[PDB]
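Take a look at the letters that make up each chain.
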Amino acid sequence: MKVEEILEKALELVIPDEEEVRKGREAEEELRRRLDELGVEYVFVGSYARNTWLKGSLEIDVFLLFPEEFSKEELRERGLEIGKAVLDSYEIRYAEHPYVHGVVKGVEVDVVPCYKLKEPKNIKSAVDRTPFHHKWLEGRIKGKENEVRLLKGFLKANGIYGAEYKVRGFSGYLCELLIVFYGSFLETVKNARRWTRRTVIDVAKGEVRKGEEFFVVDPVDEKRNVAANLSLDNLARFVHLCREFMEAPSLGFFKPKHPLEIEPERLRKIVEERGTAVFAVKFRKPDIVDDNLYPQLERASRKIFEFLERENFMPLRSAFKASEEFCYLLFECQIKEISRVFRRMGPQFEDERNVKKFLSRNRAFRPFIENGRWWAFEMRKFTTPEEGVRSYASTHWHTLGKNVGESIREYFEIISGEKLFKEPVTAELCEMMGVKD
RNA sequence: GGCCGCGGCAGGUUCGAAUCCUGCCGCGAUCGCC
Ligand SMILES: Nc1ccn([C@@H]2O[C@H](COP(=O)(O)OP(=O)(O)OP(=O)(O)O)[C@@H](O)[C@H]2O)c(=O)n1
Ligand SMILES: [Mn+2]
Ligand SMILES: [Mn+2]
Ligand SMILES: [Mn+2]
């Protein structure tokens, strides 16, 4: 329970037990049996090759090496073909580049096609980077794999480990690049408290300089940012969590957190005490990969948020949740109801060309002069945030994202009040409103 | 394929528009991000 004693007891949760390691080595021995029988040039990469994989998470990455003269089409079709014939049961769904997901003796395997290239200089696709990553890392990461399991386990327990758009955190490749640079988990945490948004970490030259944005330079790639998809928000949370660890270390930092289960009655009580308008935009989940979905949910959420802003409903925060069937865009507003009337600005009293055009407009109330410029009372087409967002989502469906926006066109509705609390959005609402427990 | 950052046109809102909201085309070459 001392400061340095906790990093030892944490290794129980982040390091794989012997029951799991066997299951993996048995699967690897099976994959090679099948891959060698087909006589294909392959390489084992990822966390499994370097033995950095987290306990209770076993995922074997396998890359396929093809000649440069193979077409982008030929690479995909033969790549997928090998993947299908290798895995016991498979499912092919991709976005940027083709790959095959499946199961081999109970463990998950990823078969990704790419090119075999010498020197990383001219690289065609984005997947061609990985063979150079494994080459460069396996030599320097050997023996320190347990420090990588610590850093990864630290992040994942706080939910900032995913590099996908569902998280926007530190990629597993970045984790290994940090342990190599700072030598250990404990030391890595220390310097990360002084990180700014302008920090440039060049691992290749062992140098840290300053720059435009938070930039981790790939040893393989001087012009590519390893931390590119790391959100500024999660960057700050990491910096913060590092400060809270060093000052007062704890075993809770490596522990998965609570679901924050709030009964639908208590949540209603919270919204009342806040006195805010809480509503959601519900629509059918488009059937698409998460990396194509969540960037669209963000955009959809932001567009409606910016609308709420300029319509003077004074939004607070905006979250979103994706279940298996439906998607939810959640919002909180300070204004439950605004007035029918507002004041539109007119032209200054001097130029009568524009004034006369301004007064010509048929209006319910007389206009007026204030500080030497004309003003007029105009009427809103909606008095509540819910009415406003419905009017918005109906007309501006198209700019809410390619797939998401079209799903809103077909049908959507606004869930408010007790109807809203009966939906699987509770954990997201509490996190949004910051309820502690 | 989706998203993002810019650049160029064409509209709309408006008294008018540099702000603001949409539509289309183009740029991204360690293939901007996955
Ligand atoms: N569908 C794909 C495409 C590419 N890669 C490549 O394989 C490398 C490592 O992949 P990843 O599993 O995501 O990183 P890990 O270190 O293995 O993280 P984890 O321990 O969670 O498995 C990356 O360079 C990535 O480009 C992959 O694993 N899966
Ligand atoms: Mn992996
Ligand atoms: Mn594309
Ligand atoms: Mn006009």
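- The name given to chain A in the PDB entry is CCA-adding enzyme, with Archaeoglobus fulgidus as the source organism.
- Under the UniProt heading Cofactor, the note attached to chain A is "Mg(2+)".
- Looking at chain A in UniProt, the text filed under Sequence similarities is "Belongs to the tRNA nucleotidyltransferase/poly(A) polymerase family. Archaeal CCA-adding enzyme subfamily."

### Re the overall build of chain A
Consideration 1: The number of helices and strands found in chain A is 17 helices and 15 strands.
Consideration 2: Expressed as a percentage of the 437 residues in chain A, the buried residues total 45%.
Consideration 3: For chain A, the computed accessible surface area is about 24300 Å², with 47% contributed by carbon and sulfur atoms.
Consideration 4: Between the mean site of the 76 positive side-chain charges and the mean site of the 77 negative ones, chain A shows a separation of 6 Å.

### A few points about the site of ligand 1
Consideration 1: Near ligand 1 lie 13 residues; those nearest to it are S47, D61, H97, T130 and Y161.
Consideration 2: Contacts to ligand 1 include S47, whose side-chain N or O atom sits 3.0 Å from an oxygen atom.
Consideration 3: Within the side chain of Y161, an N or O atom sits 3.1 Å from an oxygen atom of ligand 1.
Consideration 4: Here ligand 1 has 590 Å² of accessible area as a free molecule, and 71% of this is covered by the chains.

### Thoughts on the sheet that holds strand 10 (residues 315-322)
Consideration 1: Here we have four strands laid out as an open sheet, ordered 10-11-9-15, and antiparallel in their pairing. This sheet does not close on itself; its edge strands, each paired only once, are strand 10 and strand 15 (413-416). Direction aside, the axes of adjacent strands within the sheet are offset by 25° on average.
Consideration 2: As defined by bridge partners, strand 9 (residues 277-284) adjoins strand 11 (residues 326-333) across eight bridges and the pair is classed as antiparallel. Looking across to strand 11, one finds that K282 is bridged to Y328.

### Considerations on the UniProt feature "binding site: Mg(2+)" in chain A
Consideration 1: When the UniProt feature table is mapped onto this chain numbering, "binding site: Mg(2+)" sits at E59, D61 and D110. The largest pairwise C-alpha distance within this set of annotated residues, which runs over 52 residues, is 7.6 Å, so the set is compact in three dimensions.
Consideration 2: Within the element layout of this structure, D61 appears in strand 2 (residues 59-66).
Consideration 3: Sequence-distant contacts of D61, that is, excluding residues within four places in its chain, are made with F44, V45, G46, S47 and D110.
Consideration 4: Mapped onto the elements, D110 comes out in strand 5 (residues 107-115).
Consideration 5: In this structure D110 comes out as buried when scored by relative accessible area, which is 15%.
Consideration 6: Residues in contact with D110, not counting those within four places in the same chain, are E59, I60, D61, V62, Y99, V100 and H101.

Calculation criteria
Residues numbered from 1 in each chain as written, not as in the entry; some residues may be left out. Chains lettered and ligands numbered in written order. Heavy atoms only, no water. UniProt positions renumbered as here; feature names shortened; annotations may be inferred. Helix = DSSP H or I, 4+ residues; strand = E, 2+ residues; numbered from the N terminus. Buried < 20%, exposed > 50% of the residue type's maximum accessible area, 1.4 Å probe, protein only. Areas by Shrake-Rupley, 256 points an atom, 1.4 Å probe, with all protein chains shown as cover. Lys, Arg positive; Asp, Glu negative; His and termini not counted. Charge placed at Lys NZ, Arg CZ, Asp CG, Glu CD. Near = heavy atom within 4 Å. Polar contact = N/O pair within 3.5 Å; in protein donor to acceptor, adjacent residues only side chain to side chain. Pairing = 2+ DSSP bridges. Axes fitted to C-alpha atoms, helices over the stretch in contact; angles between N-to-C directions. Contact = heavy atoms within 4.5 Å.

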